[PDB]
Every structure is written in structure tokens, then in C-alpha cells.
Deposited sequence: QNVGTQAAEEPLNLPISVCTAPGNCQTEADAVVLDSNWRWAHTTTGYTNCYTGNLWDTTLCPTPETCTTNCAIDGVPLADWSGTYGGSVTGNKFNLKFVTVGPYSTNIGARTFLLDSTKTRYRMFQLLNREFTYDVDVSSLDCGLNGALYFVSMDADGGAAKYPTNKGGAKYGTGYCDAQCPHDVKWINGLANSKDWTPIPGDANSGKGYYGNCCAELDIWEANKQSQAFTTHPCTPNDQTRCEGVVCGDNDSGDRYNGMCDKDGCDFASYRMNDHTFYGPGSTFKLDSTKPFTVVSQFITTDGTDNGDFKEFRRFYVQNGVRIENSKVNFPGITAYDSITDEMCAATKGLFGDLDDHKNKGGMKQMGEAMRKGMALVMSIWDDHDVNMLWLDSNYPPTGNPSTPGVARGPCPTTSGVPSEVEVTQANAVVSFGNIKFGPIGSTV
């Protein structure tokens, strides 16, 4: 995309901590940038929309190349962050409102480095990543997500010279779902064969998808939470078409370059329904804030080893809370993501181990070694109504069959039109982000 001249781009300042030992950290003066999908797209030498509602203008965008020549994405000024997009920062806390009323629904954002010209790339192997979260106002059907993806640090600017904005304009998004709803891919409008998504007034799908590796630290609302590894072959940003995208709609979910299911550790799905929930007698009380700690263990305990284990623990009101465990007869009580856990649990659930097909923890680790961009988002799910996270999936499945039940939400929950009314004022908060060696962040 070209860059427009109507509004300066002003990312929100967000300090994080880089740590060397427990309680010995230094501030890193980073910032938050809005994903290019949420930006106004208009004519390069005017005010005329190139995209309105869920459609590209066919006169301006008869082809992707012409669209890209004629159109530009514009900046987010400071005033518009809260007023238009529902984003705000107080000290080291970042807040994202779900619906902001001209009416904005959801948000996806990235962490910029201290220069505000590149994404802050995190080399996560043999490191610990930690943050405080509040998901108390997110119920069934919503997801306040924090995760990493194998985006380029410059959003693709060096690879795709028609991308003028780079990381500064939140470009280059890709993930392990190979999404077609990304409006700008490889420096070009994804306007070919663009199709609105029914019941989604703001979104559509273009000819291409954009694939890359994804490490989900946090997919969650107050009812259920998960962390998940998604390797791809290769891991780096890859525009896809046809079978390579692994499109759900053509029966290709397991035929593409990315592991779409991922290998998940989701406490409720692993059959501990009392670990996490909205109340003081759950082990971890989702009505109150808490700290989420993630440790990425290698084979030799060094930065050069292969990724072998994703460990997790929590801190809430000064109380250390170890992760829940897998709880099925004849299955080891795993409390972390490893290749063995993935094989054993997917075996039990009858899920295809595409994680293993894509190179497993080792391949996931190669993405983490090269460095990944931090994503913070809030969203509802127009495909599957978040049932995969917090309900029975498939909805018609027996909840006593291992793998089906992922949370207590009813199978009628999560319809975007309903959650966008009922949960309009939901806000996820991510704060006090800390990064360092294992054992350094609490």
C-alpha cells in the first residue's frame, strides 16, 4: 500500500520491561500500531474511499495492481485511538475496547520497537515472556488474544516495494490460519475476487491468504483459555492461493502449509473444568487480573538448542499457580506443550497431528529463533462463533468424548451480531509486559 497524507500516524507509547534477574529490569520504550486492515483506504491524490463497508471500489480497483496504484492507507492520530478504535494506554497497561461507536468492531495491534519504524522482534527460545491481563469483561463468544507471528520486522517493505508504510502502518499481517480477510498482502491490495463475509458489515475475503508460523500465548475470555503452537512449512510470511492456504471451505484444512489446529494446551479441554473461571473458588479467578508467565525451554538450555517445551504458570494476588494438567485415564498428566503431549492428546481426541507433519516443536522453535512480532487483539468469530475455544466443538459432539468440550459456554453462544450488542463494552487489558531469561520476570 501507498501511504496517505490525510492523517499522521501516531502509535500509542507502551513501555515494557527487559529483565536480567528477578526484580532487576529496565524499561524499553516501545509502542503499539494498528493493523492496516482497520485503516481508511482512499485515493492517493484525494478523499475518495477505495474500500467502504465490506467492498472495494470496482472503478478504482478493477485489478490489484490498479487498486494499489490508485489507493493509499492513512494514519491513526492520537485522538482517534480511543475515539474511533477503542485503544488506550495508561502507564504500562494497554486497553482494547471491543466495540467503539463510525462503529468499529474488534482490533488487532502490533508492538513497535523504540524507533517506531520496525516491529519489536522477540527471539523467544530459552526466554520467558510475561504480562498481566484482565479478561473479566469478556464472556462467551469473545477472545482477547495475545500471540506471536512470523511477520517481517518491516512488514514486508524490503520484499515488496509497493508497501510504502511497512511496520509503521501495521502492514504484513500473516498467521497460521492463512487468512484471506487481510486487505493488503505482498504490498498489493488483496482485491481480486473479493467477497463480503455475510453478516460482517466490515470484512471480506480476497483471492490470496497470508501464511506464517504462530505462537498463541493467550486465546481467552473469562470462561476458557488456551495456549497453542502453530508451525508452518516454511515458517516465514508466505502469500498463498489454492491448496497451499489450507482453506476450510474447500476441505483443505489439513492440506496447506500451516498447522491450523495447532497443538493446544487448554485447561478445560484437557479435562480440568475447575482450574480457570469467573469466581473466587476456581484456582485462577478470571473476574480479577492475573499474571501469565510463559517459558520456552530448549533441548540444551541454550539459545542454540531446539524448542522442546512451552511451560506455563500464573500469579494472582501474589499467589503462584502452576499450570493445570491433562486429566484422562491412561494419559500422562502433562502440564506443558511438548511433541509427546501433542501426539498423546491428539491420539486420544482423534485429531490429525498436523503439528507433527509440519515439523513439531523443532519447527515452531525455528520461527521463534528468527524472531516473531507481538500481536494484541480483541475479536469475535464469524466462522465458528468461538465454540472451538469455549464450548463444545463440534456443537453436535458428545461433551463426554475427550476433545469435544472446551468450555461451559452454550453452543448457541458467540453469534457475532449478538455478542456485538451484548458485549459492546468488553475491554481486554494487557500490561506490565516483561521479557528476559527463564526465572527473571517475577
Regions of the deposited sequence not represented in the model: 102-104
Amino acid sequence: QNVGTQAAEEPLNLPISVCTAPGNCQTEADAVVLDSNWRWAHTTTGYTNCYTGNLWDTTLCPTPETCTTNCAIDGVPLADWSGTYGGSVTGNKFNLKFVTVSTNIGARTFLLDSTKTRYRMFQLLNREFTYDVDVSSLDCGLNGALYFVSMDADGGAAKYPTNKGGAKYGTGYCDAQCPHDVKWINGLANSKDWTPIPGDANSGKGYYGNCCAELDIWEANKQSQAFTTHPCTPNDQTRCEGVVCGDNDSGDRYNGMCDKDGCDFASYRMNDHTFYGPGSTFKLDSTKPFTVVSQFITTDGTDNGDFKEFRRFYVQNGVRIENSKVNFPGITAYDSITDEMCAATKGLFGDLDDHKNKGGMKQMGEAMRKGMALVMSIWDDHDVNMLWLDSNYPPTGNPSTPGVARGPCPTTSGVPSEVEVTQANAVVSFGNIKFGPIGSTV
From here on, numbers count along this sequence of modelled residues.
Which is higher on average in the deposited entry, the C-alpha temperature factors of 310-318 or of 160-168? 160-168
Tell me which stretch, 176-184 or 192-200, has the higher mean Cα B-factor listed in the entry. 192-200
Could you check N385, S391, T59, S377 and tell me which one carries the biggest Cα B-factor in the deposited entry? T59
Reading the B-factor column for Cα atoms of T281, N210, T117, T287, the highest value belongs to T117
Modelled-residue ranking by C-alpha temperature factor, third containing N248: middle
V404 - Cα temperature factor, lowest/middle/highest third of chain: middle
Give the position of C19 by CA B-factor within its chain, expressed as the lowest, middle or highest third. highest
Quick tally, chain-level thirds of C-alpha B-factors: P234 sits in the middle
Assert third(CA B-factor, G330) within chain per record equals highest
